[PDB]
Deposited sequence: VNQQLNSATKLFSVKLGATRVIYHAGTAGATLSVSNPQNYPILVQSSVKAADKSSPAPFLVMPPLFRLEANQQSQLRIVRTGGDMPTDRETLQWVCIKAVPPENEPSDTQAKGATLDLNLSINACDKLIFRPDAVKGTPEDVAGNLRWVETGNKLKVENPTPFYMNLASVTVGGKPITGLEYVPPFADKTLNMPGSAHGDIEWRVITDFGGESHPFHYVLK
């Protein structure tokens, strides 16, 4: 067959990065391809469009075949709240070389692996999993409201109502509420959050 398959991948050392105010942060990047790739690393605000007051070093480089390298993340400015987390996205775009050459296709890809970059002020102590039991759940109609009274982003891994999973989950920002679609349930609510180290927490249980 005429046209070749494009396979393309990039490996990140973690699925989130916690930027602890008092200390810069790091993120590993690896190239599973047998050829060099270009790596462009940027940080976007929570709107996923506006550029954030953080830079990645190196911001643009060529990663060799099979090479693993460490990126450094630095807060450059901005006025960060001192009493709650701030969420950004660090996006690692990877681009292969152009391919070497009836009707045929020359198929190629560009991929972007984005991780939450969560800025944690010094005054915000502990981790979200310590207080994720404090999420409140209120049913109104076919919608489930979750209230987060804590200074952390709550990055839900899982919510089930009567064993029925909720999909289209979104993070719950600090001191804020979010609305989820009821999964046709109910009574018993179980939730897990993704921890600072990428694993799922133990479940928390609540009854409405």
Just jot down which stretches of the deposited chain sequence have no CA coordinates, in the order they come.
1-4, 28, 107-112, 197, 221
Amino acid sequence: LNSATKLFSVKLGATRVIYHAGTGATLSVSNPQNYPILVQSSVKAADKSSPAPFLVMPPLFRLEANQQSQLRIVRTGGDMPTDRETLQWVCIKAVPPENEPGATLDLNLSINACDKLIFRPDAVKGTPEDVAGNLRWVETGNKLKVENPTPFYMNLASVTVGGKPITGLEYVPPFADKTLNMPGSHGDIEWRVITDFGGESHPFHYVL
From here on, numbers count along this sequence of modelled residues.
Name the higher of the two by mean Cα B-factor in the PDB entry, 186-194 versus 8-16.
186-194
Highest mean C-alpha temperature factor of the two stretches 170-178 and 157-165, which is it?
157-165
Using the temperature factors in the entry, find which of 28, 33, 140, 42 has the highest value at its Cα atom.
140
Using the entry's values, work out which of 129, 115, 85, 106 has the largest Cα B factor.
129
Of the three thirds of Cα B-factor ranks in this chain, residue 55 occupies the middle
If you rank the chain by CA B-factor, which third does residue 101 end up in: lowest, middle or highest?
highest
Per the entry's values, where does residue 134 land by CA temperature factor relative to the rest of its chain, in the lowest, middle or highest third?
middle
Third of the chain, ranked by Cα B-factor, where residue 125 sits
highest
Residue 95: CA B-factor among chain residues, third -> lowest
